[PDB]
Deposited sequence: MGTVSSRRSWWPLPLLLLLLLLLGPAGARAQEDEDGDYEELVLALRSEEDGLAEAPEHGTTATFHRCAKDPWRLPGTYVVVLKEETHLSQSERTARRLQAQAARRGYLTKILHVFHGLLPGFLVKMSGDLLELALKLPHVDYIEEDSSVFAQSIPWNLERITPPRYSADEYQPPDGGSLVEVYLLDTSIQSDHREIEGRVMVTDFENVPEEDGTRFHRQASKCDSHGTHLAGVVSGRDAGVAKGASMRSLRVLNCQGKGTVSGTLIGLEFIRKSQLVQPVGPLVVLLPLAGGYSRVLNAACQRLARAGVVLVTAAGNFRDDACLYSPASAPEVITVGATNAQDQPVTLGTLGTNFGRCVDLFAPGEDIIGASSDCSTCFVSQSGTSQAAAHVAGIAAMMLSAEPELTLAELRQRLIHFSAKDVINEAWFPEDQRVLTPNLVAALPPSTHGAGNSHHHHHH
């Protein structure tokens, strides 16, 4: 029957907030009723509950702020597939394509991206424990920047899911991916590229939403993560039908980020430039800064995909992935940087545009 899951990274868990995921074909009316039933049953037991959101489109279910004491009861509700405790996520040509970015707030009026980025009204960020938009402005510059961008012809839509300290939530990200799906149904356009330059621990629900969006025909590009670890233990990096990007440097070496660095393993699809990446600084309207990480690496691939899909708009996700792999530089990465058993498992590929 129905199961409970919470982040395996104890400091990244957010107790007291739960994502109740219902069976695939559960209707929104059934979902709203299940949430009301939960509030009623909890009230009977002396518990105060609050329904924060009701999902529909990608995943059926709701978000509830309640005591964990209520989970045995919540698991017994009808249509419940699984429940997941909320957890933290952290910041880590092309003209026919819309590039969606789920990140920090962005400085839209930056000369590098002015006119190329449409700041949506979406914001779902956890409270905080030039700086607020450093991560997002740089990445938007990497994707479509005037002087230093990959896909200058690409237009972008930005959603805020990371706060001023680059911290978000799984729930926040789910609502953002649902918002993208809703925006597309209301006002369909061409091929969609969704950039996720963030990571948390393995999330069954975040992976599920990512697979639903992927089956719906959306292309999802993510950071492999900066934990010098196997990407399969991180989300949305572990979601199989996503394009999970690792970071390489100018010397064909996997990137070192402090005492850590790029993630690796059978979940990474390929690597891309993620060290000393010049791009837009949000310090001033014409400022540029060098930044590093799998986020930067992912932004390059989001640019290469945005261009491949604009040149060949009918490519399926499966076909686009084979194109990305076919056009990558092969066996240039120093495998000796990776742990021994991870070498045969880690794709030795550096992203590249068709010549």
### Query
Going from the first residue of the deposited sequence to the last, where are the unmodelled runs?
1 to 60, 153 to 175, 213 to 220, 447 to 460
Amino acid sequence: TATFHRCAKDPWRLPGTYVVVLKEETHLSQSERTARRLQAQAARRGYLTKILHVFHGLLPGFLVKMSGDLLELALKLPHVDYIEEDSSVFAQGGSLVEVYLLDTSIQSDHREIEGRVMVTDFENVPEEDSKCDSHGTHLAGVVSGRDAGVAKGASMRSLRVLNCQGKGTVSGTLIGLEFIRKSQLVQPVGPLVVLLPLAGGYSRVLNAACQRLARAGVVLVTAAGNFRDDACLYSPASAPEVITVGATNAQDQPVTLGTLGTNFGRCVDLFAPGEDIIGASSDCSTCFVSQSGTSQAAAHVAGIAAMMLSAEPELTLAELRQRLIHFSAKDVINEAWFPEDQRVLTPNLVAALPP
From here on, numbers count along this sequence of modelled residues.
## Note on the structure
Of 282 to 290 vs 299 to 307, the stretch with the larger average CA B-factor in the entry is 282 to 290
### Summary
Mean Cα B-factor check, 237 to 245 vs 112 to 120, entry values; winner is 112 to 120
### Query
Between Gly265, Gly149, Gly225, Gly190, which carries the biggest CA temperature factor in the record?
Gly149
### Query
Which has the highest CA B-factor per the PDB entry: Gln253, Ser88, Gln211, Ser203?
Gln253
### Query
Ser29's Cα B-factor: lowest, middle or highest third of the chain?
middle
### Task
Just say lowest, middle or highest third for the CA B-factor of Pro126 relative to the other modelled residues in its chain.
highest
### Message
Considering every modelled residue of the chain and its Cα B-factor in the PDB entry, is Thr137 in the lowest, middle or highest third?
### Response
lowest
### Task
Ordered by C-alpha B-factor within the chain, which third holds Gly172? Give me lowest, middle or highest, please.
lowest
### Summary
Chain thirds by Cα B factor, record data; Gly274 belongs to the middle
